[PDB]
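We begin with a single chain expressed as structure tokens, specifically the form deposited in one PDB entry.
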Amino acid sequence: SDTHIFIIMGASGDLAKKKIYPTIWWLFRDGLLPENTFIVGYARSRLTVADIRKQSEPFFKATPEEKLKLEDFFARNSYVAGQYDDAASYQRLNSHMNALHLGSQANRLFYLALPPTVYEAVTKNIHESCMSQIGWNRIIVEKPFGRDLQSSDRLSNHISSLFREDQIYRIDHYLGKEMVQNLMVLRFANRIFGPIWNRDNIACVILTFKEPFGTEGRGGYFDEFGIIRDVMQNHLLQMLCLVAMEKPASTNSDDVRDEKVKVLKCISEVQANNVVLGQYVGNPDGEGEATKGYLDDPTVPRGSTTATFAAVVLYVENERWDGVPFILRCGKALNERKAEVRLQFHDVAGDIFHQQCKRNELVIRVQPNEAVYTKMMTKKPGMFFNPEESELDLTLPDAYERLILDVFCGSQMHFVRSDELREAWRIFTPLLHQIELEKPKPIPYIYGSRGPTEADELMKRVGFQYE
């Protein structure tokens, strides 16, 4: 009922023209946005609503059955052209929002779709100029959240000196929020999976994020960060927190983020002997991009040791998880697109089935298709006591639509906190400093393969049984 404003900062960027404008399209088309919602794209280059429409519609997946809606949404939008570090431009933007139907009373939601190098200014000029004194103000901030503990600490200190945690929404583009809630209901609403979610029963946890494509085109941007900062420090660590957290006092966002930050506090810094770093190389037998390696892109500087694959073993050192490995295995240009949580359970204490039993597994897959199944063992039909392994299933805006919708709803559970991000960077900072100090060479692996075999050796070493 309350009027809302959606201010897309840096609306001329690729992220705005390809992923955010289509997302608010899909939210308004499905009737999920509040009825009184305005979309104010603000950027430097001078554009109009017609220009935004022309440059963004290809990604709208538009259909002729709903072109009428394609007008209404675009009658709800507006554009402001101004520099990111000019107070007059932000004054014009604030006046423009005020020059709307109940714009002063509206709840303002700033989606920062602009390079992080100018977050410091953009988050600053917002506070004095474009804030709302009646409705709430919320900023959505995109990664990179710095690159070290120090850089992230200074950026977070700036944003927290200006805004509060109730106004900061650090977004994770790879968080399903549907398999996350599936995890929470599975392990917290059920006594089947309650007592077994600890050291005594779980042997290892595997947290996977594989991509079948390399770093085509935008390989230079990936070079300065690496796969640990790109996927592992932020996403896989949040998945680890969700897997390993204790039951919160309630389903409140703060009560869940407290458990997650506690899990992060129980994790120590990463040692280089628990890390396998790999880099993908061209595949002579490939067809398309598979024949070109990471260093074959003309945008990647020569002799770059940036890892496109990482397998890292972590240990949550508390009463529930002491000694249980957490293998974060992420990679680009791998064989498949996969993102899942895998728990092997220990072998049953005392085998009366003649070593025919395999470790039970609980798999919560998020990509490509969501699923929740258990690999247990059932009696093989026949005349005999010989068990056989069976996979038993235990289980629609996509992940990104439901994440922008959380910022509207104020559900800040699935966004990383400031102390949470601080612990996340504390865990990985010494290892990253060592990596870009000594400059070790990552293991080369073929495009489309499963990654370096040293990763498999490391998982086997830490206690992972593969059939």
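Start at 1 and count along the sequence shown; that's the residue number. Heads up, when I say rigid core I mean the largest set of C-alphas that superpose within 1.5 Å between the two forms.
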item: Missing residues, deposited sequence, between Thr395 and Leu396 (class: none, 1 to 3, 4 to 9, 10 or more); value: 4 to 9
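The form deposited in another entry exists for this protein as well; it is not shown, and the discussion that follows is about that form.
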property	result
C-alpha displacement of 2 Å or more between this form and the one not shown on the rigid core, among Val141, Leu183, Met97, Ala290	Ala290
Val300 C-alpha moves between this form and the one not shown by 2 Å or more, core aligned	yes
Did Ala88 shift 2 Å or more between this form and the one not shown, C-alpha, core superposed	no
